[PDB]
There are 2 protein chains.
Amino acid sequence: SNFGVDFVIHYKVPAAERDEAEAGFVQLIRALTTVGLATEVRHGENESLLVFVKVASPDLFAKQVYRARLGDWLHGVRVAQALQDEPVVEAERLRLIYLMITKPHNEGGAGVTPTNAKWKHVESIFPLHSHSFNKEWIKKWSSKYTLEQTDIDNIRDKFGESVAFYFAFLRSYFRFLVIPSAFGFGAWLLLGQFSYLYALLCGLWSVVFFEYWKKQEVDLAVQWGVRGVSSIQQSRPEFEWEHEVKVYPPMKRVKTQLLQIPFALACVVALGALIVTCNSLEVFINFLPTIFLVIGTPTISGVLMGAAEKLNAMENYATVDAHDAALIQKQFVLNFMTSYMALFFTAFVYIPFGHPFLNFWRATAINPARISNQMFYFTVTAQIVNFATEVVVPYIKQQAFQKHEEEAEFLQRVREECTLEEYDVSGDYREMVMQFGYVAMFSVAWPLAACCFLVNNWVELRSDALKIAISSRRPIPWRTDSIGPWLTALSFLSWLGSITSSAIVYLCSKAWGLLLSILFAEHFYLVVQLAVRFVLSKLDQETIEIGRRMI
Amino acid sequence: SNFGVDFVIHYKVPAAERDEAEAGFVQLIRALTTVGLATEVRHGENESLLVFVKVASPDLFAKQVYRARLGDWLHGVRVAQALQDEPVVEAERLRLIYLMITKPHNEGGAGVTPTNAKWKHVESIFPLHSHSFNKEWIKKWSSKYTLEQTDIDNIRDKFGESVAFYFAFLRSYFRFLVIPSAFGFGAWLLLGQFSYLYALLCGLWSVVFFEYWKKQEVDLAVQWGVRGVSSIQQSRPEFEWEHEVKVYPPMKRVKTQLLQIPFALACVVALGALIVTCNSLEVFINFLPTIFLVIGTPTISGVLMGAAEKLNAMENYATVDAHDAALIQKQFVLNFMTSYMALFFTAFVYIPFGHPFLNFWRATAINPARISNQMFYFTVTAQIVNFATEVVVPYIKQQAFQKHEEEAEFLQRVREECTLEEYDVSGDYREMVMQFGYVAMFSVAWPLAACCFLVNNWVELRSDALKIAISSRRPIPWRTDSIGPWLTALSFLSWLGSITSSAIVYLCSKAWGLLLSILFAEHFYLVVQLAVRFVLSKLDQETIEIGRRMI
Ligand SMILES: [Ca+2]
Ligand SMILES: [Ca+2]
Ligand SMILES: [Ca+2]
Ligand SMILES: [Ca+2]
């Protein structure tokens, strides 16, 4: 197993800055020595000096643990000799050590942030995996049909909170996806296609699932003693300041943030042109559109994400949560557009009325079922893509790239692990949110399709684990209360689905009827939401003589 | 001034139960003597024995005050020697004395509840007014154009919390009513009648007023140290029990509460028949309808309120707040029906299409302006009624009914005051809520009418005070956090107004256009509410050598 190493620092050494590299190495060693953490130095591949750091003095660690617990007590998160009663878990120990490493000098730490400070040579600080535990976990989850709370608790203990919430949310989603599968099978087998009742049941299911997930999330947050952690604020190391606490004028912030609308219009035009020309080519040729979209989506998605990340970096945010919220909002907008605008133009444009490009295409040289059949590919193809780029090809690429002195195996393992990319949990949230959006606003067109989604989830709950198991390094533990801003996205998708399902039902099978159907669907959704929200709250002497003398 | 009397008990003595009356008198005297409160007995009119009770031992009162403060501290409401730092106010002293008088034996008091227990002879426990302070207050409020926070604070100190919230809410309503007056004057002078823009501004004003009132209510509640008082529960003395804490099966509760729908249908039919026959008589005769409605409204309102109160009494509620909420809900439903159904049938029935009663009326022997002109009377007449039954005629009736031994004036004052009816604050809330509903959902028909409402408020803020000043006895002080369930009624009225204003505008000046207008108005209202809610939230060694040896 591991040699007890608790953290590893890369500290690549450029050739042109040898004196600067030595000075930084000396400064880092001194800073790590003052805080009382034992360190060791070994060899490293590609002009790197891997250094291993672990805690040495138990008294200092216990004092830090007590101080952190008292600080949690002050802020209301939590309501020596107490360590035995409440044992230290690996996640909180790693979090405290990392915070001690990152915290600046003013707060008792030694700030070694790799970007803002003069420490321009360090690039990564990551822990080490437990191969035996990883193998045991993979074997255990591969022989169980359902997952109990013990497995989620073990994941929380060994990895933190964000991973635990992600897995709990995915498990709850898979558990409640069975009902839409049953209703879709029933509707497709008996009712047929474009059933209003199926749309109403889909809306009700979305509402009840969202409310129950909120309740279960609150329950889980209060169970683990983490509820209320989002109340406090964490200072972003990269947050610039211009005057004395650090202050930044809102004028620059709003001026930077108003730049988004140009980019939004530009991406709208860029995606719409491609969508309309693909549709024109398809209606002229009546395999090319599916292949073209499959090839084109990742190339444009990568550049869009890079541009969004750069734009968010240009903006200045005080706390980390605000920056993450902005990034998630931009990511959700871009992904929703690029994953739903094609279906929107195929449904609400092609069907109601069907030339300015058709004539040009002809000079170069209205089947209602188009919504259904295409959707088939638009699920299945996508599914296989989600099982092609995500899992097999990263491992193949890693293997191709891969293809004293008494512990060479450990050094080789560490060197291989260092080059691995850091895991981000936001992508899986995005994928699950888009799955829920598909189910909410488009399952009416193909009631059976929802069933297939269920199967995919039963793989994802394991497959993502494999992604953490091998194809990624151990993420830094963190504390969180909620999944994040994804609740707003889920609510918006549910409302949009309630609007869109009725319109799809009416159009696939004049104007005043459509308006009445939309109004009825929206009001029914609102009433059901109100009723479910109301119901779920209840689940949990002289005086005597004078009185006589009155007569 | 007063002789220091802190509470008065009536204790009427029926002739047929003289022995029982004497036994009850003795028991009450003993119970009041055990708790340590000094008592005195004097004469009383109409076979009554008025008894005056006041606190005697300062140590017991201070201990009770400290115990109550500690109990508040335990429940989170509040965050000897401390009494000097925080002086006792008259309201809290009266509340503590009344609680000591009412609390049963198990909790250290002497329960003298006049209804449930064997104490079947007592009927009232009321304090005494301060005539000099009342005159000074009336004179002060009659010479000021606007009211500062000091007057509201003084009212809170001298009367409690419910009166303070009522006056603050009425003042805020009067302050924000000026903007709709200005917009209505502008629309009537220039735009004309049935303006869509005026309806949109009315909706926006309603939304912003509701949100700002919620924020100001939270601020006021946290300012006076009362916020969170609604969290605790108060046991209702009349709550029956069937098994052992007291428990009551929900089966009886739901069986009793399902009886309401019969009554709702019965009152719907009863009011609708009268409304339709009055409308038929009016359209046949084209002064009788206005006079008939004015005479008929109080007679049917009284019996409806009596029936609702009896029905609520039949139901069993655990806590007092739930019973009050049910009573307010029934009162609001009945009053809204009886005050809006006439206008609803005049607007949404008479105009769109105009016999089954007309032919019968003929055998017995569509002007769009009807909405406007009638509304004139439907305001002004109502206003004069609100200034006829409320103020002048109660005083006239009281004067007509009205028309040792060294303090006969005090005894006469007490005897006159005892017969006065206890003040209820819910009626003024109901009236203000109905005024706001009129402004929200019908000001578009007559933009100028809102202006008149403003004037009425400038009288009510004083007139209601006069009602407390003379025509009523001092209410028992109480502690409350919010105005009550009236917030839900206000929100519902605002939403209904947003729906109704657009429909009125479209109808007074085909179907698909009406549906589109309704949809646009509702969505604009929702978007404005979301934006305002979002905005208002932001208002607030070896290691060195190895490194060198690497080269
Ligand atoms: Ca997948
Ligand atoms: Ca994934
Ligand atoms: Ca009045
Ligand atoms: Ca009044």
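Residues numbered from 1 in each chain as written, not as in the entry; some residues may be left out. Chains lettered and ligands numbered in written order. Heavy atoms only, no water. Residues with missing side-chain atoms left out of burial classes, pairs and counts.

**Thoughts on the overall build of chain A**
Our working rule: Only DSSP runs of H or I covering at least 4 residues are called helices, and only runs of E covering at least 2 are called strands; the numbering of each starts at the N terminus.
Each helix and strand in chain A was counted, giving 22 helices and four strands. If you line up chain A on its principal axes, its C-alpha atoms span 115 × 80 × 55 Å.

**Describing the coordination of the calcium ion (ligand 4)**
Residues and elements named next belong to chain B. Note the cut-off: A 2.8 Å cut-off from the metal defines N, O and S donors, relaxed to 3.2 Å for Na, K and Ca; water is not in the atom list, so some sites may appear incomplete. Between buried and exposed lies partly exposed: a residue is buried under 20% and exposed over 50% of the maximum accessible area for its type, with that area taken using a 1.4 Å probe on protein chains only.
For the calcium ion (ligand 4), every protein donor is listed as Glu 390 (OE), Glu 390 (OE), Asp 428 (OD), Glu 460 (OE) and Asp 464 (OD), and the spread of their distances is 2.3 to 2.8 Å. Metal-to-metal, the separation of the calcium ion (ligand 4) and the calcium ion (ligand 3) is 5.1 Å; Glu 460 coordinates the two. Residue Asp 428 is found in helix α18 (residues 426–442), and its partner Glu 460 is found in helix α19 (residues 449–469); the two are separated by 32 residues along the sequence. In terms of burial, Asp 428 and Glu 460 fall into one category: buried.

**Here we look at the coordination of the calcium ion (ligand 2)**
All names here are of chain A. Looking at the calcium ion (ligand 2), the protein donor atoms are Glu 390 (OE), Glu 390 (OE), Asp 428 (OD), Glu 460 (OE) and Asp 464 (OD), and they sit 2.3 to 2.8 Å from it. Separating the calcium ion (ligand 2) and the calcium ion (ligand 1) is a distance of 5.1 Å, and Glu 460 donates to both of them. With a gap of four residues between them, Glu 460 and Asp 464 both fall in helix α19 (residues 449–469), about one helical turn apart. In this pair, the class of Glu 460 matches that of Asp 464, namely buried.

**Considering unusual backbone geometry**
All names here are of chain B. One non-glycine residue with positive phi stands out, namely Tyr 11, at about 60°. Examined against the element boundaries, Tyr 11 turns out to sit in the loop between β1 (7–9) and α1 (18–34). Take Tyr 11: its relative accessible area is 2%, and that puts it in the buried class. Positive phi outside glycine occurs at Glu 405, with the angle close to 60°. Looking at the secondary structure, you find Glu 405 in the loop between α16 (388–402) and α17 (408–418).

**Details of the sheet that holds strand β1 (residues 7–9) of chain A**
Sheet strands associate in pairs through backbone hydrogen bonding, adopting either a parallel or an antiparallel arrangement. Residues and elements named next belong to chain A. Rule in force here: Strands qualify as paired when DSSP identifies two bridges or more between them.
Spatially, β2-β3-β1-β4 is the arrangement adopted by the four strands of the open sheet, whose pairing is antiparallel. At either end of the open sheet lies a strand with only one pairing partner, and these are β2 (37–41) and β4 (125–126). In this sheet, strand β3 (residues 51–55) lies alongside β1 in antiparallel orientation, the contact comprising three bridges. For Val 8, the partnering residue across the bridge sits in β3 and is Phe 52.

**Re the interface of chain A and chain B**
The condition that has to hold: Contacts were defined at the residue level, with two residues in contact if any of their heavy atoms lie within 4.5 Å.
Residue-level contacts link 21 residues of chain A with 21 residues of chain B. Going through the elements one at a time, α1 (18–34), α21 (511–536) and α22 (542–549) of chain A are the ones with two or more residues in the side of chain A that touches chain B. The leading source of residues in the side of chain A that touches chain B is α21(A), at seven residues.

**Observations regarding the packing of helix α20 (residues 486–508) of chain A against α21(A)**
Residue and element names in this part refer to chain A. Heads up, the condition is: Orientation is described by axes fitted as lines to C-alpha atoms, over the contacting stretch for helices, and by angles from 0 to 180 degrees between their N-to-C directions. Whether a crossing is left-handed or right-handed is set by the direction in which the near helix is turned from the far one by less than a right angle, anticlockwise for left-handed and clockwise for right-handed. In this classification, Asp, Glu, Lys and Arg are treated as charged, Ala, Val, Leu, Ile, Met, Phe, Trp, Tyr, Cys and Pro as nonpolar, and every other residue, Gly included, as polar.
For the pair α20 and α21, interaxial distance at closest approach is 9 Å and the crossing angle is 145°. Note on packing geometry: the crossing formed by α20 with α21 is right-handed. Touching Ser 491, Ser 494, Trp 495, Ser 498, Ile 499, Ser 502, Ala 503 and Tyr 506 of α20 are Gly 513, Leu 514, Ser 517, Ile 518, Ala 521, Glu 522 and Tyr 525, all from α21. Of the residues belonging to the contact of α20 with α21, the class tally is eight nonpolar, six polar and one charged.

**Considering the packing of aromatic side chains**
To keep it simple, the criterion reads: The pairing test for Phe, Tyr and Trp rings, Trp by its six-membered ring, is centres within 6.5 Å, and the orientation test on the planes gives stacked under 30 degrees, edge-to-face over 60, and tilted for anything in between.
Inspection of the entire model under this criterion finds 76 aromatic pairs over all chains. Relative to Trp213(A), the ring of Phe169(A) lies with its centre 5.4 Å away and its plane at 65°, an arrangement referred to as edge-to-face. Taken together, the residues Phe169(A) in helix α7 (residues 162–176) and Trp213(A) in helix α9 (residues 196–223) connect sequence positions 44 residues apart. Here the two residues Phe169(A) and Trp213(A) agree in accessibility, since each one is buried. A ring pair is formed by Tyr11(B) and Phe25(B), whose centres lie 5.8 Å apart and whose planes are at 50°; its orientation type is tilted.

**Digging into the sheet that holds β1(B)**
On the basis of which strands lie adjacent, the open sheet formed by four strands has the order β2-β3-β1-β4 (chain B) and antiparallel pairing. Edge strands, defined here as strands with exactly one partner in the open sheet, are β2 (37–41) and β4 (125–126) of chain B.

**Structural notes on the domain arrangement of chain A**
Residues and elements named next belong to chain A. Where we set the bar: The split into domains, and so the bounds of each, comes from an automatic or database assignment of domains. What gets called buried area is simply the loss in accessible area from a 1.4 Å probe that two parts show on being joined, summed for both. Salt bridge, as applied in this entry: a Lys or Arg side-chain nitrogen positioned within 4 Å of an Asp or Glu carboxyl oxygen. Under this definition, polar contacts are N or O atom pairs within 3.5 Å; protein pairs additionally need one hydrogen-donor-capable and one acceptor-capable atom, and for neighbouring residues in sequence, both atoms have to be side-chain atoms.
Looking at chain A, the domain boundaries give domain 1 (7–128) and domain 2 (152–536). Note on domain 1 versus domain 2: buried area summed over both sides is about 2,100 Å², and carbon and sulfur give 68% of it. Between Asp 72 and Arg 479 there is a salt bridge, with the nearest N and O atoms lying 3.3 Å from each other. At the surface where domain 1 touches domain 2, the tally comes to six residue pairs in polar contact. Secondary-structure elements contributing two or more residues to the side of domain 1 that touches domain 2 are α4 (90–102) and β4.

**Some details on the UniProt feature "binding site: Ca(2+) 2" (unreviewed entry) in chain A**
Residues and elements named next belong to chain A. In plain terms, the rule: UniProt positions are given in the numbering used here, feature names are shortened, and annotations may be inferred rather than shown by experiment.
Taking the UniProt record as the reference, the feature "binding site: Ca(2+) 2" (unreviewed entry) is found at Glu 390, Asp 428, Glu 431, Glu 460 and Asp 464. Looking at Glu 390, the relative accessible area reads 17%, which means it is buried. Setting aside anything within four residues of it in sequence, one finds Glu 390 in contact with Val 385, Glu 431, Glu 460, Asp 464 and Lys 467. A polar contact is formed between the side chain of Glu 390 and the side chain of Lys 467, at a distance of 3.5 Å. The partly exposed category is assigned to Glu 431, whose relative accessible area is 22%. When neighbours within four sequence positions are excluded, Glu 431 is seen to be in contact with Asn 386, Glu 390 and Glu 460.

**Overview of the relation of the copies chain A and chain B**
To keep it simple, the criterion reads: For this overlay, the copies are fitted by least squares on their C-alpha atoms.
Superposition of chain A onto chain B requires a rotation of 180° combined with a translation of 0.0 Å along the rotation axis, giving an RMSD of 0.0 Å. Read as a symmetry element, the transformation amounts to a two-fold axis. Scanning chain A for the C-alpha nearest the rotation axis identifies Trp512(A), at a separation of 2.3 Å. Looking at chain A, 100% of its interface residues are interface residues in chain B too, so the copies touch through the same face.

**Things to note about the environment of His75(B)**
Positionally, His75(B) belongs in the loop between α2 (58–74) and α3 (82–85). The sequence separation of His75(B) and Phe52(B) amounts to 23 residues, and the corresponding C-alpha distance is 34 Å.

**A look at empty space enclosed by the protein**
All names here are of chain A. Basically, it comes down to this: The method works on a 1 Å grid over the protein atoms by themselves. A cavity is a set of points holding a 1.4 Å probe that cannot get out, a pocket is an open set with protein on both sides within 12 Å along at least five of seven lines, and residues with an atom within 4 Å of a point line them. Grid points are joined across faces, edges and corners, and a volume is the space filled by probe spheres set on the points.
Reported here for the largest cavity is a volume of approximately 150 Å³. As for the largest cavity, its lining consists of 15 residues, of which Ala 199, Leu 200, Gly 203, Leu 204 and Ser 498 are closest to the centre. Put simply, the parts of the chain that give the lining of the largest cavity at least two residues each are α9, α20 and α21. When residues in the lining of the largest cavity are grouped by element, the largest group, six residues, is from α9. A per-class count over the lining of the largest cavity returns nine nonpolar, six polar and no charged.

**Regarding the pattern of salt bridges**
All names here are of chain A. Scanning all chains against the criterion turns up 26 salt bridges over all chains. The partner of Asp 6 in a salt bridge is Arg 93, and the shortest N-O contact between them spans 2.9 Å. We classify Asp 6 as buried; its relative accessible area is 10%. Several salt bridges share partner residues, and in doing so they unite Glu 390, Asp 428, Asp 464 and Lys 467 into one network.

**Things to note about the packing of helix α11 (residues 260–285) of chain B against helix α13 (residues 320–348) of chain B**
Residues and elements named next belong to chain B. Applicable threshold: When an angle is under 35 degrees it counts as roughly parallel; over 145 it counts as roughly antiparallel; between 65 and 115 it counts as roughly perpendicular; any other value is oblique.
The geometry of α11 relative to α13 is characterised by a closest axis approach of 11 Å and an angle of 40° between their N-to-C directions. The angle between α11 and α13 falls in the class oblique. Between α11 and α13 lies a crossing whose hand is right-handed. From α11, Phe 263, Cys 267, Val 268, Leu 271, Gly 272 and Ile 275 reach across to α13, where they touch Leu 334, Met 337, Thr 338, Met 341, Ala 342 and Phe 345.

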